[PDB]
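What follows is one chain in C-alpha cells, specifically the form deposited in one PDB entry.
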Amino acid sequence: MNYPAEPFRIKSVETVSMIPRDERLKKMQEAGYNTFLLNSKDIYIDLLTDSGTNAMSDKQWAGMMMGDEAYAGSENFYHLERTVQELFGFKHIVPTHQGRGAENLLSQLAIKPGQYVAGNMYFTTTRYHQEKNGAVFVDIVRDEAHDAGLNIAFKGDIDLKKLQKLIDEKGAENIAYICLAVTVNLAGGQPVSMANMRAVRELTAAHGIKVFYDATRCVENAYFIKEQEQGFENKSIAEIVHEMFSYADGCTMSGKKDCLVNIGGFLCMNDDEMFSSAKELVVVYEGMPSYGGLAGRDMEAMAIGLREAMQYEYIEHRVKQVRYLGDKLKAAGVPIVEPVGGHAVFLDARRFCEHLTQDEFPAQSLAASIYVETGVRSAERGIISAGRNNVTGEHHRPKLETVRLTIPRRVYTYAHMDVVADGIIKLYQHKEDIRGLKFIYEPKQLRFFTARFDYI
C-alpha cells in the first residue's frame, strides 16, 4: 500500500559481486551445507542476520572520531548512559560488548537453579544462558504465534492464561523472571502490543514477579504499535518506546539490532542492589561498568544510533522495506510466515519443502539451496536452531520450520529485494529438488552456528 523511498542518502558504499553458480556449489559443500559457515566475500546479498550488519550514519561516524578511550569514566559512557536513561527510562545501565554478554550477566544474577523463566518464545543465546544457570524455560506466547499462515496483529503477545497457569502450578516465588521480547523473533519478528505489556506488568506485579524485556528490536516493535494499535496513531516512536519500558524492571539489548551499530549492547535495571551485583560481574567477563567490553567510540556510536532509530520515517521505511520483500514473495505464492515482521521475511520451509520431513532439516537445506541458486545468504530458523532439549537429548521440534531472510538496517535497496525475491521464486518452481540433510558434526549447544551436514 506504501513503499516509501529511503529517508536518507547514501554517503559511502561497499562493492558487491556474484560468483558463478559452480563456485557457489563448491563453497556450500565446503561449508558443510551450513550457511553460517560460508565466507563473506563469497556472498552477494548477505541476509544471514540483521545483527551488527547495519549501516551507520554520518553523525555516528562523526562520533566514531570522538572516542574517549579512557579505561574508566569515558565521556562516551556518560553519553550512552544519559541517552538510554532518557529514551528507555531505566535507572541504571551496564554496557556489554553485545547482547549475549548482557544475558550472561542477567542470568547469573537473577536465576537460582530449578527456577522457571517464562517468555514469549525465545532467542537461542537467551534461552541457553537461562538454562546454563539452572532455569527451566516455559513458552507463554499466545498459540497463534506458532501458526505460520495466520495473519493476525500482535502475534507476539503473551497469553496471560499461560502465565497465570504457570503461577498457579509452580508458585510465583519459583519464577525467576518473565523475559518479554519485543519484537518476537521466532514468530517472524512479531510485535507485542502496549496493552499486552501493561497486562503482563499488572499480573506479574501483583505476584512480585520481575519482568525483563529483550529489547533488541524494541524500535521495530514501537512502530507496529504506532501503526496499528488504536490510541497511539499520534504518539511519537520515542514516547511509545518510553511507555513500553515503563512496564519492565530492566532489559537486555543487542545494540547490534535496533541501535544501528556493528557491535554493542547493554543491560538495564531499576533495582539498585541488582545494579551493584551486575557491576561486580561485568568486570569478570566484559570489562568496567563504564565500558563493558566496548571501545569508547562504540559507546558513542550506540548512543547516537539509538536516538536515530526513534525517527519515524527511518523506522517506517525499515519495516516497510521488509514488507515489500514479503509482499512480493507472497504475491508469487511462495509460502511465508505472516504477517511480515519488522526485521526479516521468514520463508515457511515446511510448505516450501513438503516432500521432506522436519527430521531431514528442510529449513537448513533450503537455506543452502537459496545460496547455491542465488548467491543470497539466509539463516536456518527451525529444528536446527531450536537445538536439543537438554532433558530428553532429542531435537526440540518447533512447529515453525522457517528460513530467515534477515534485512540489515540501511544497507540494501528495493532493487536488492527484487533480486532476492526473484531468485527465491525461481527456486520455488523446482522446490522438490531440495534434498534432506543429516548431521556430520553437531556442537553441544547453539549448534546451528557451526554444525556441518551432508545430504541424505
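In case it trips you up, residue 1 is the first one in the sequence shown, and so on. Throughout, rigid core stands for the largest set of C-alpha atoms superposing within 1.5 Å between the two forms.
What follows is about the form deposited in another entry, which we do not show.
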Looking at 48, 28, 421, 56 between this form and the one not shown with the core superposed, the single C-alpha displaced by 2 Å or more is at 28
Determine, after fitting the two forms on their core, whether residue 431 shows a C-alpha shift of 2 Å or more between this form and the one not shown. yes
Given a core-based superposition, decide whether the C-alpha of residue 83 shifts by 2 Å or more between this form and the one not shown. no
Core fit, then residue 180 C-alpha moves 2 Å or more between this form and the one not shown: no
